[PDB]
Every structure is written in C-alpha cells, then in structure tokens.
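The chain below stands alone, shown as structure tokens; this is the form deposited in one PDB entry.
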C-alpha cells in the first residue's frame, strides 16, 4: 500500500556522460554499491541490471538511458546513465535534458576523445549547468605525469565550451576496482578501502559542487516528456523532469508540440521512482498518469504544461555557432534549404534553414543568426538553447532569439 517519497533530503538529478567505454556504466553500479553500504535505502544496481536489453547484452554497450536512484548523507539522487557511442547520441541528449549536473567520465588510459567534447557541448545546450569530472581507469596508468596531462586537457575542453574548467572538481579513480571490492565485501565503509574511498570522494564532489537548483515552482507548469509507458491496470504514463511549476493529482494539463492538436488531460497519478508523491514540484523526476490519453497520443519530445501557458511554434530566428571542422562538425559551408535536426530538451525535429537577405553561405566556425522552420510545432521560448545534428555529427549550437510564430 505503496511507499511515499518523503523529502527527507534535497533531491538533485545527475547522470554520467563521456566517450564510449570510458566507464559510465561501471561507475554507476559502483555508485549504488558504495552509497548502499552507508545508506540502507539505496537498492543495489549491478552492471547487468543497467544494460539489461539483449542488444546491450550481446553488443556489449549502453544503447538507451537507464534510471537509477541512490543517496548520500546530504542529498537524494536520480541518476541517468547515458550512452557514449556516437551512433546513439540522440538518446544521450534526452538524458542530459534531465540533469541538474553531469559527471564527465574520462578514461585515464585514453584521455579526452570525440564524444568527450561532444557531450560537453550537447549537455550544455540541453540545460546541464555544472559538471563533475571523474578520471576513470587510473589503475591502467603508470606515469603519474600522464594523469596530470589528462586532467589539464579536460579542463581546457570545459573552458572551450564556457564551463568553469579550472574550478571543476576532477576526481581520479577506478570504477572497476571499487565495484569489484563492493562485491567481495558489501559491508565496506569509508576509510576501509582506497578505491571505494575515491568513489566517496566523488559523492562528496557531487554533494558540494552541483547545487540544488533554484526551484521555479512559481512559474507555470512545464514537464518535458522523456518517456511513455503503458502500465497494465492503470493507463498511460509520461515521465520527465519538471522544469517549472507543481503538479498534484486532479490537475489538468495540456500535451503541446509534435501534433496539430493541443490535447487536454487530467492527472490521476504522480510518482518519483515507483513512489507516490503528494505533489511533484520542479526538479522532480516524476511519472504522471494521464487520463483518457492513449499509449500513442503522447510521446517523447512533447511537453506537459499548464493549459494555455504554452502555444507550440515552428518559425523562429536564433543566434548560432557552427562547430569547426576539428570540433566534429562540417568542413563545408551551407545555405538556405539545408534541413538538419534540431534538439530542444527531449525533442528532436527536422527544420529548414532560411538565411537572411544579405547572407548567402555559412562557414564552419562562424557565429551567425538565421531563421528556422520546423516541420512540426514544439514548446519554444526566447532564450532556449538547442542543438543541430546531421550525418551523425553535431554541426551547430544555438539560442532562440525571437519566435516568429
């Protein structure tokens, strides 16, 4: 008769991002294990429990995001483990759309790779405010001077995308060794093992660097949909991180974006990690039960909002920076008619570029402003950041400056 989520401690959303195989998943399992040893609430999550799909089992990689909860002495967490493969960045963006802070995982053996800087840029344009790096796989590095070099380059990479690279906490360690340790003896506490302690160093960094975001509960409700489930006996459920406002049961909301209609529905449920919540407020990784709505009347990319608060749009001008050749972007310029993919929070959508009279071409590494017309409407705001991806690579990072309509 179920289990309510009591706000004993402040809740913050986190996740793991970084190049493929750098360790994101192992560290996630490691986090739940060490945190559990101290806090008995944390349900342990093993590597197999993270990458559970058969494609992930055989192919040996994280293809879609995984949601895991744990907590320290100070705050509760909702951890979203992201894919590092270049082919599945589409899903990496969706995870970053729910992070109040992100853990940048960088293998000491390889250093900052293509998806390292790619996730920095992307996470930024999807809302991720602060970052906590974690030099993983130190157990494979002999020369200490090399680890210094790794740390230095990761700081430069953060400062390249306007993050506070010099102030960002860089915790060296080894997720594999810490996880292994937690298996042999799960009673292990702080100060008992050096590898386990390096993970506690991490939890402490998260606790002290990533602040508990200012909650905008005074603004109109807005809940970017991240996932849609079909729960037997209950109905259709939407999940995501509340951006602003609050939501108690019996509240009416609109499903805006990716559809001509602006469907209405009443909420018959609200839960934070399988736990019923009184009323989910901003920063909550909820799960709302939508009345009358079917398994396909709502989808990721849309947005649950206060009825009337948002009116979906398609046209808009924005200030954009086209990535350079050596940033994983284009090597050739483009013109009007170019139809790339645009990313606004949990939304991916094709749009057409309309260059202004006076400009004919746009070269890589140029900061330019232009109009865009999406093939579908979506919750847009002046100031909202976004991404432009095409051909498997990110090509531009922009900011909405005026909604044409």
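Residue numbers count along the first chain shown, from 1.
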Discussion item. Mean Cα B factor from the PDB record: higher for 354 to 362, or higher for 333 to 341?
Written reply: 354 to 362
Worksheet item: Comparing 213 to 221 with 88 to 96, where is the mean C-alpha B-factor higher?
Response: 213 to 221
Worksheet, complete the sentence: From 172, 273, 119, 244, the top C-alpha temperature factor is at 273
Worksheet item: Among 177, 259, 202, 158, which residue carries the highest C-alpha B-factor recorded in the PDB entry?
Response: 259
Worksheet entry | B-factor third for the C-alpha atom of residue 28 within its chain | lowest
Worksheet entry | Chain thirds of CA B-factor: placement of residue 367 | highest
Worksheet item: Against its chain's modelled residues, does residue 44's Cα B factor rank lowest, middle or highest third?
Response: highest
Worksheet item: Among the chain's modelled residues, which third holds the C-alpha B-factor of residue 403?
Response: middle
Worksheet entry | residue 79 - which third its CA temperature factor falls in, relative to the rest of the chain | lowest
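FYI, the form deposited in another entry isn't displayed, but the following is about it.
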Discussion item. Given that the shift is 3 Å or more, do the Cα atoms of residue 294 and residue 54 end up closer or farther apart in that other deposited form than in this form?
Written reply: closer
